[PDB]
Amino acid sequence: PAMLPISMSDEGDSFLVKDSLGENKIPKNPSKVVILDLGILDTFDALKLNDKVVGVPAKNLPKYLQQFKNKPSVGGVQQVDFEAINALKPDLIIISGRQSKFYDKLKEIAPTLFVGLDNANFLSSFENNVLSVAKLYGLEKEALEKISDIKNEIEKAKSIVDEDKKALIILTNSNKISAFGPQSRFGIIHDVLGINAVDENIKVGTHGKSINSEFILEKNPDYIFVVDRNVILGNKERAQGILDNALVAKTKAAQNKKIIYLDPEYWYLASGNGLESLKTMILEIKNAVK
């Protein structure tokens, strides 16, 4: 079933808000927001809300968000510094799926809004997250224009896609490989941009289905989209070395130089959950397959 969305009613100087984790009273125009979703951080920047941001997970701050490098840190996306959050005295904390498990602890500190994406309904959830944040600040007009521009980009990207080619999405960690299909955390490649999948039913898991290079060759993708989690975790291994092997070399993707190394900060950290990231990621795909 679809994830429950964020819903809100206007309460004068505040909103009454419900999402899939719970209910909150959120002040209008919140002044001190701790943001633990990197995509939503980029939406705050797109909406010119940088001064509302009181703290960010500096351990995982992407290259494309370095304008937030002066903000107080609240740790990393997987290493949340609850003391730092408390010390910032936020009026609102914004989380996604990585921090759901700490919901009760965060809500003790301040109202806690969940903005995770629904992998089965990416665009609907994406719009709900953007427009909910925009509603808090009265920025619906600006947000809607930016969403309309993204939808136009989606159409332009779709128009260049080759109906007869198929792709596989993989993730590398350590010297290991895992795979992702349609309606996964990386599913927009298939679900929104219409690139065909080599396998419609790849076993779901947060960090993917363990596979070997024999599987890659068996599926013989035209494109391989690679997300190197090693870069995010600080491990020394790299995808370019893992995939330089005799099995992968026999794929159409290798033979046509269509092993595409996706920017892991966008794909794995932001997850396309921002006005900036999603636009940039659509272009990244388009330019890789045109």
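All residue numbers refer to positions in the sequence shown, first residue = 1. Only the largest set of C-alpha atoms that superpose within 1.5 Å between the two forms is called the rigid core.
RMS Cα deviation from the shown model in 5 other deposited structures of this protein, rigid core fit, is larger for 270 to 278 than for the other stretch of the pair 9 to 17 / 270 to 278. When the other structures are laid on the shown form by the rigid core, the stretch among 97 to 105 and 197 to 205 with the greater C-alpha deviation in 5 other deposited structures of this protein turns out to be 197 to 205. As listed in the deposited structure, the average C-alpha B-factor of 71 to 79 and of 156 to 164 is greater for 156 to 164. In this entry, the residue among 190, 203, 141, 185 with the greatest C-alpha B factor is 141.
The PDB entry assigns residue 237 a C-alpha temperature factor belonging to the highest third of its chain's modelled residues. When the CA B factors of the chain's modelled residues are split into thirds, the value for residue 55 lands in the lowest one.
Annotation for residue 101: C-alpha temperature factor in the middle third relative to the rest of the modelled chain, per the entry. Looking at the C-alpha B-factors along this chain, the one for residue 212 belongs to the middle third.
Residue 275: CA B factor in the middle third of modelled residues in this chain (values from the PDB entry).
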